[PDB]
Amino acid sequence: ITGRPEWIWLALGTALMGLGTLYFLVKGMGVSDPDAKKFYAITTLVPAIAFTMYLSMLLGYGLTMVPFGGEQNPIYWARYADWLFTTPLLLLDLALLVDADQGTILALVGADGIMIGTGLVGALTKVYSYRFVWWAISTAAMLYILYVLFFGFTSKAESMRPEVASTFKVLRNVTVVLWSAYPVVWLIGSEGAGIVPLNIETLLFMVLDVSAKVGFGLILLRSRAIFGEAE
Amino acid sequence: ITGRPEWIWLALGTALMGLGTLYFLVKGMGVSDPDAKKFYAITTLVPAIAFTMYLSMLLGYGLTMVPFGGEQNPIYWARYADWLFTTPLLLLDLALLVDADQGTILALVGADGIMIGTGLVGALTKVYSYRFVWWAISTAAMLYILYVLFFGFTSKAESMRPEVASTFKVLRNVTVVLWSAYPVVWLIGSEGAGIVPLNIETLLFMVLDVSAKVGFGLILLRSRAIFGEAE
Amino acid sequence: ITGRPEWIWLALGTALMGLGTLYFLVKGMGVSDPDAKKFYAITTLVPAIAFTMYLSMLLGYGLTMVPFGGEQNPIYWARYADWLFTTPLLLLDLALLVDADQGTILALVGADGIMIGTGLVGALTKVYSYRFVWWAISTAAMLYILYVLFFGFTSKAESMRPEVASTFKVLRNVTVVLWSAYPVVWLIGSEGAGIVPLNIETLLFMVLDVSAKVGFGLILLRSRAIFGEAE
Ligand SMILES: CC(C)CCC[C@@H](C)CCC[C@@H](C)CCC[C@@H](C)CCOC[C@@H](CO)OCC[C@H](C)CCC[C@H](C)CCC[C@H](C)CCCC(C)C
Ligand SMILES: CC(C)CCC[C@@H](C)CCC[C@@H](C)CCC[C@@H](C)CCOC[C@@H](CO)OCC[C@H](C)CCC[C@H](C)CCC[C@H](C)CCCC(C)C
Ligand SMILES: CC(C)CCC[C@@H](C)CCC[C@@H](C)CCC[C@@H](C)CCOC[C@@H](CO)OCC[C@H](C)CCC[C@H](C)CCC[C@H](C)CCCC(C)C
Ligand SMILES: *C/C=C(C)/C=C/C=C(C)/C=C/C1=C(C)CCCC1(C)C
Ligand SMILES: *C/C=C(C)/C=C/C=C(C)/C=C/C1=C(C)CCCC1(C)C
Ligand SMILES: *C/C=C(C)/C=C/C=C(C)/C=C/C1=C(C)CCCC1(C)C
Ligand SMILES: CCCCCCCCCCCCCCC
Ligand SMILES: CCCCCCCCCCCCCCC
Ligand SMILES: CCCCCCCCCCCCCCC
Ligand SMILES: CCCCCCCCCCCCCC
Ligand SMILES: CCCCCCCCCCCCCC
Ligand SMILES: CCCCCCCCCCCCCC
Ligand SMILES: CCCCCCCCCCCCC
Ligand SMILES: CCCCCCCCCCCCC
Ligand SMILES: CCCCCCCCCCCCC
Ligand SMILES: CCCCCCCCCCC
Ligand SMILES: CCCCCCCCCCC
Ligand SMILES: CCCCCCCCCCC
Ligand SMILES: CCCCCCCCCCC
Ligand SMILES: CCCCCCCCCC
Ligand SMILES: CCCCCCCCCC
Ligand SMILES: CCCCCCCCCC
Ligand SMILES: CCCCCCCCC
Ligand SMILES: CCCCCCCCC
Ligand SMILES: CCCCCCCCC
Ligand SMILES: CCCCCCCC
Ligand SMILES: CCCCCCCC
Ligand SMILES: CCCCCCCC
Ligand SMILES: CCCCCCCC
Ligand SMILES: CCCCCCCC
Ligand SMILES: CCCCCCCC
Ligand SMILES: CCCCCCCC
Ligand SMILES: CCCCCCCC
Ligand SMILES: CCCCCCCC
């Protein structure tokens, strides 16, 4: 395990996701409100899935070698397995907060699936120049998602409770900033142009992942917006 | 890319799915009705997914070699990845049109999953005679789906709005004819008996795919059946 | 096929799932009640999926070799493909019976996904001692599911119809006993410590699978709890 310099960040990531999972699990024990239960379920599952995939990367299972540029390049494929399930759960948290219509939710989840799926294909593609074609398609799917979060959701939040409108606005802003960093790190890291070494890349993704999951969850689950308006 | 004679049909397929995706995306921009949004979301996602998988076939990612009959046989596995997601979306379009009950929808999607999954296993099976066992099981799942579309849905459409009944009937008929061709092409093509060469097989699937997705979508999204009855 | 001593149990399993599938399919033909249709759909799909995966194991497709302990160890990976889809369907049968809230259903299905997914990783892991780390995480996800079935569902059933409360209690008890045997068989069988040989392991899983699917389904589909209260 320690044979890879990036192991320290995989281990820290595993620990922080594990701790985040346990914290949300305990916190949600005292919850009976049916609406709050939905948000706790979604939000606890996110770091639990990430915990398993960080562990698989730490132990070496979630790593494969991909030939491109005349080299055997270490590619952590387990990231995409994580993201396939956790990024639509994160979007679902946002969509339920603002009572999004079903068509909009399906558009978001579908675009998200395309985003992660094409990122996976790009990560595993052996023809170097083609990796960036997949990156571009994935990034276009991301831009669609960000567009919807701003010009379909923000003006939906404003007709809702003030506490859900303010909580949505904060989580929207956190999401757009954090999620936009992922394609940049991929592009300059070992999957793309290879300018930033894998150990630093792994650190960067770990900070983004913990912030986008445990950070996000801490903000959401401390808000009164997750509860039905009750006396 | 041009090293494979079937590349021209993969390229045309990619282009037509891409163009179809953009057309539906633009067309649905001016839509606020919650019901119509569902149909636009579902129907736009279908060629978008197909676009990505056609591209993966064009670039060579979605192709593998399978030993059977003492030969290395080129198998485009990306078709099944496409179909796994797009065929239940197509069925969902039909089921929502007639306000199908939840049990019926689950039966359809489940049978569809079995249909595509067993087709994939058959496509990748190395014992030649066993490929046709999987083809038979998949075809039985197809026949179940077609049965339900006729003797569970058609008489559901007739108690609904005339515009939804007439639109459903047309899309049902398009679906049954087009979908029934797929097992025949598989059986006589490079996956099955090998009587029709891969380049012609690829052409045939491209015509079926564009018709079943973009053709289907053009009929559906031009109907007033996708809108709630409103003043 | 007969080259593997466990083939007889794979063949019997295939037959019993096939027969169970046909029986439930015929039985549900005379059903119009929308609630009952849901239970028939879910419950018929379960042995149908299991039939396909038992067949893939019989024909040899669903088997791979995994190096650990200095040996090539036969691992039937198709079990996890089965279980990935059938165990959440089984939980859905239980959850719908007691009209579980959406948050609880998502927690169950999510924990179940983690349970099966980590079992799959453990089954395919090449470092022997690490296989048991994945077994432990999977078992913890199982224990969560069993906890919810007892201390979240049982007291939900009691405020419902007596026929649904009594049917739920029986199916809950069947589920907890049968499902708890699976991690034990894995641990002592060819995936784990290797004390029980593969042919006996295969027998054990076949008895558990038929009981947990066809047995379970026979109890559920003969109950009046699956019908809406109607005059
Ligand atoms: C509604 C939304 C969910 C829409 C989803 C959007 C989605 C369509 C976007 C594209 C997804 C698609 C790229 C998934 C591809 C998975 C694939 C990378 C798995 C690895 O297999 C690739 C090659 C080795 O590189 O296998 C070597 C050759 C092997 C023989 C491969 C044969 C097995 C195939 C992988 C079977 C395909 C199954 C499905 C792709 C399962 C989807 C997995 C998940 C990653 C989407
Ligand atoms: C409700 C509905 C959805 C019901 C669904 C119906 C469904 C049950 C029908 C059968 C689906 C099942 C056949 C999927 C099999 C996928 C498999 C072909 C992927 C390729 O792996 C096959 C061999 C190489 O040929 O791998 C070589 C050996 C490797 C070590 C394989 C180990 C990895 C396994 C593939 C893990 C299994 C994961 C699940 C099958 C994911 C499902 C993928 C999708 C195609 C259904
Ligand atoms: C809401 C709930 C559903 C939550 C779900 C919980 C879930 C997160 C729990 C963990 C699931 C995760 C372990 C699935 C891993 C599948 C993996 C074993 C498939 C086989 O690939 C493993 C190695 C060979 O051993 O591939 C060799 C290297 C290859 C290059 C691998 C590259 C292809 C990757 C497999 C692509 C990943 C796609 C997704 C994992 C699809 C999920 C399949 C299913 C088994 C969950
Ligand atoms: C918890 C993990 C999260 C929130 C991950 C988010 C990841 C993305 C938004 C990834 C986006 C990518 C692209 C837009 C193109 C390049 C490849 C990706 C997959 C890194
Ligand atoms: C957009 C793509 C569509 C509508 C594809 C439909 C495909 C089928 C109905 C495929 C059916 C098959 C069988 C019935 C058995 C042989 C294998 C298949 C998968 C080709
Ligand atoms: C129809 C099949 C059923 C009901 C299978 C149930 C399987 C399980 C509950 C498996 C549990 C496992 C663990 C808890 C850890 C070890 C690995 C598994 C996957 C066997
Ligand atoms: C969105 C953030 C992307 C920028 C990442 C900056 C990383 C700077 C680290 C120094 C680069 C290491 C190069 C020498 C090894
Ligand atoms: C459902 C349509 C299946 C029939 C396809 C007919 C294809 C005819 C093309 C000629 C066959 C090529 C054989 C000589 C290369
Ligand atoms: C939950 C049941 C697990 C116990 C399984 C008992 C199997 C006993 C069979 C005898 C073991 C075979 C060892 C000699 C080959
Ligand atoms: C490819 C995996 C996509 C599914 C991820 C799980 C999250 C799905 C959330 C469903 C949202 C509800 C839509 C109506
Ligand atoms: C194996 C992939 C199956 C899922 C495909 C996505 C479409 C699912 C549509 C869900 C229909 C709603 C059922 C209640
Ligand atoms: C990884 C596969 C998980 C999906 C299995 C299919 C069963 C899903 C049942 C959905 C229950 C409804 C939740 C709201
Ligand atoms: C186009 C929608 C406006 C809100 C999205 C902001 C786009 C940020 C760009 C992210 C950088 C990705 C490379
Ligand atoms: C049995 C249901 C009647 C409607 C379905 C028509 C079946 C068409 C056969 C398709 C050919 C597949 C090989
Ligand atoms: C902790 C919840 C109480 C009900 C679950 C009973 C646990 C049975 C243990 C199963 C054995 C697995 C190794
Ligand atoms: C070796 C790099 C070749 C450049 C490929 C860039 C493709 C980016 C596509 C953006 C439309
Ligand atoms: C393919 C990228 C699309 C980003 C711009 C959004 C187009 C308008 C969509 C309106 C729902
Ligand atoms: C080499 C071909 C052997 C014939 C197999 C046909 C099987 C079809 C099954 C239909 C019930
Ligand atoms: C070779 C076996 C080494 C023992 C591993 C047991 C790990 C079990 C983890 C339970 C917390
Ligand atoms: C509760 C702490 C969980 C941390 C387990 C994984 C950390 C890796 C240590 C090497
Ligand atoms: C908008 C046109 C999209 C076409 C891109 C793929 C066509 C392949 C050209 C070689
Ligand atoms: C209807 C009987 C189904 C049995 C088919 C599979 C049994 C395997 C026989 C070798
Ligand atoms: C993006 C950083 C999130 C910070 C989380 C802090 C949570 C405290 C309530
Ligand atoms: C099956 C062929 C479909 C033809 C689509 C034409 C759409 C015009 C409205
Ligand atoms: C766990 C054993 C189940 C027994 C099923 C018998 C069904 C008869 C109604
Ligand atoms: C990591 C366990 C958290 C302890 C409880 C925190 C207050 C709910
Ligand atoms: C008003 C919300 C500001 C949140 C910005 C957080 C940036 C990481
Ligand atoms: C809305 C601001 C987006 C900031 C992008 C930051 C990418 C590192
Ligand atoms: C391909 C872009 C379509 C242009 C608009 C067509 C009329 C909505
Ligand atoms: C009355 C509907 C006829 C549609 C037939 C289309 C055949 C491709
Ligand atoms: C309902 C008519 C079906 C026609 C099947 C055509 C197969 C090529
Ligand atoms: C296996 C076929 C079952 C025959 C009908 C049983 C009574 C519904
Ligand atoms: C009162 C229900 C008892 C069911 C026990 C079944 C054990 C297999
Ligand atoms: C509730 C009793 C569980 C029995 C476990 C049996 C495991 C073989």
# chains A, B, ... in the order shown; residues from 1 in each chain; ligands from 1
>>> select_by_dssp(residues="region 56-95 of chain C", states="strand (DSSP E)", output="list in words")
residues 63, 64, 65, 66, 67, 68, 71, 72, 73, 74, 75 and 76 of chain C
>>> write_last_selection(atoms="N, CA and C atoms", output="mmCIF file, in the first residue's frame")
data_model
loop_
_atom_site.group_PDB
_atom_site.id
_atom_site.type_symbol
_atom_site.label_atom_id
_atom_site.label_comp_id
_atom_site.auth_asym_id
_atom_site.auth_seq_id
_atom_site.Cartn_x
_atom_site.Cartn_y
_atom_site.Cartn_z
ATOM 1 N N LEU C 63 -18.590 -17.730 -14.502
ATOM 2 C CA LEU C 63 -17.482 -18.224 -13.682
ATOM 3 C C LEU C 63 -16.190 -17.543 -14.095
ATOM 4 N N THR C 64 -15.378 -17.138 -13.126
ATOM 5 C CA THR C 64 -14.040 -16.656 -13.456
ATOM 6 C C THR C 64 -13.023 -17.251 -12.488
ATOM 7 N N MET C 65 -11.747 -17.165 -12.840
ATOM 8 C CA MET C 65 -10.697 -17.685 -11.968
ATOM 9 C C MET C 65 -9.993 -16.529 -11.275
ATOM 10 N N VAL C 66 -9.857 -16.618 -9.953
ATOM 11 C CA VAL C 66 -9.206 -15.566 -9.180
ATOM 12 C C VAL C 66 -8.002 -16.110 -8.428
ATOM 13 N N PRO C 67 -6.822 -15.551 -8.710
ATOM 14 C CA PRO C 67 -5.621 -15.966 -7.986
ATOM 15 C C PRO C 67 -5.583 -15.434 -6.559
ATOM 16 N N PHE C 68 -5.639 -16.342 -5.595
ATOM 17 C CA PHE C 68 -5.275 -16.028 -4.217
ATOM 18 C C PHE C 68 -4.888 -17.310 -3.496
ATOM 19 N N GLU C 71 -3.279 -20.104 -5.637
ATOM 20 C CA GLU C 71 -4.092 -21.026 -6.422
ATOM 21 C C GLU C 71 -4.981 -20.259 -7.388
ATOM 22 N N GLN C 72 -5.451 -20.925 -8.439
ATOM 23 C CA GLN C 72 -6.512 -20.365 -9.272
ATOM 24 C C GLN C 72 -7.837 -20.834 -8.701
ATOM 25 N N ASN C 73 -8.590 -19.906 -8.128
ATOM 26 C CA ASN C 73 -9.804 -20.261 -7.422
ATOM 27 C C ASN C 73 -11.032 -19.940 -8.258
ATOM 28 N N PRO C 74 -11.886 -20.946 -8.508
ATOM 29 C CA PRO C 74 -13.132 -20.720 -9.250
ATOM 30 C C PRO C 74 -14.120 -19.851 -8.472
ATOM 31 N N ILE C 75 -14.463 -18.697 -9.035
ATOM 32 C CA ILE C 75 -15.398 -17.761 -8.425
ATOM 33 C C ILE C 75 -16.578 -17.534 -9.369
ATOM 34 N N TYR C 76 -17.771 -17.887 -8.912
ATOM 35 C CA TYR C 76 -18.967 -17.612 -9.674
ATOM 36 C C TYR C 76 -19.411 -16.172 -9.453
#
>>> interface_residues(of="chain C", to="chain B", cutoff="9 Å", atoms="only C-alpha atoms", output="mmCIF file with C-alpha atoms, in the first residue's frame")
data_model
loop_
_atom_site.group_PDB
_atom_site.id
_atom_site.type_symbol
_atom_site.label_atom_id
_atom_site.label_comp_id
_atom_site.auth_asym_id
_atom_site.auth_seq_id
_atom_site.Cartn_x
_atom_site.Cartn_y
_atom_site.Cartn_z
ATOM 1 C CA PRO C 34 -53.322 -2.141 -9.216
ATOM 2 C CA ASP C 35 -51.751 -2.965 -5.835
ATOM 3 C CA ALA C 36 -51.591 -6.710 -6.490
ATOM 4 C CA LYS C 37 -50.068 -6.048 -9.918
ATOM 5 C CA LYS C 38 -47.113 -4.328 -8.211
ATOM 6 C CA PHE C 39 -46.401 -7.329 -5.982
ATOM 7 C CA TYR C 40 -46.799 -9.800 -8.856
ATOM 8 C CA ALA C 41 -44.447 -7.762 -11.056
ATOM 9 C CA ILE C 42 -41.741 -7.487 -8.402
ATOM 10 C CA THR C 44 -42.114 -12.659 -10.717
ATOM 11 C CA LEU C 45 -39.035 -10.698 -11.817
ATOM 12 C CA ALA C 48 -36.713 -14.686 -13.684
ATOM 13 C CA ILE C 49 -33.456 -12.796 -13.072
ATOM 14 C CA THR C 52 -30.837 -16.270 -16.200
ATOM 15 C CA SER C 56 -25.043 -18.508 -17.033
ATOM 16 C CA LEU C 59 -23.093 -22.973 -19.095
ATOM 17 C CA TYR C 61 -20.239 -17.950 -18.566
#
>>> atom_distance(atom1="atom 5 (C, counted along the ligand's line) of ligand 12", atom2="CA of residue 88 (chain C)")
5.6 Å
>>> closest_residue(among="C:165, C:84, C:196, C:136", to="ligand 15", atoms="only C-alpha atoms and all ligand atoms")
C:136
>>> select_by_dssp(residues="region 11-97 of chain B", states="alpha helix (DSSP H)", output="JSON, numbers by chain")
{"B": [11, 12, 13, 14, 15, 16, 17, 18, 19, 20, 21, 22, 23, 24, 25, 26, 27, 34, 35, 36, 37, 38, 39, 40, 41, 42, 43, 44, 45, 46, 47, 48, 49, 50, 51, 52, 53, 54, 55, 56, 57, 58, 59, 78, 79, 80, 81, 82, 83, 84, 85, 86, 87, 88, 89, 90, 91, 92, 93, 94, 95, 96, 97]}
>>> atom_distance(atom1="atom 11 (C, counted along the ligand's line) of ligand 15", atom2="CA of residue 146 (chain C)")
9.8 Å
>>> residues_near_ligand(ligand="ligand 7", cutoff="7 Å", atoms="only C-alpha atoms and all ligand atoms", output="list in words")
residues 181, 184, 185, 195, 196, 197 and 200 of chain A
>>> residues_around(residues="residue 174 (chain B)", least_positions_apart="5", cutoff="12 Å", atoms="only C-alpha atoms", output="ChimeraX atom specification")
/B:90,94,146,149,167-169,179-181,208,211-217,219-220
>>> residues_near_ligand(ligand="ligand 26", cutoff="8 Å", atoms="only C-alpha atoms and all ligand atoms", output="count of residues only")
7
>>> residues_near_ligand(ligand="ligand 33", cutoff="8 Å", atoms="only C-alpha atoms and all ligand atoms", output="list in words")
residues 169, 170, 171, 173, 174, 177 and 178 of chain C
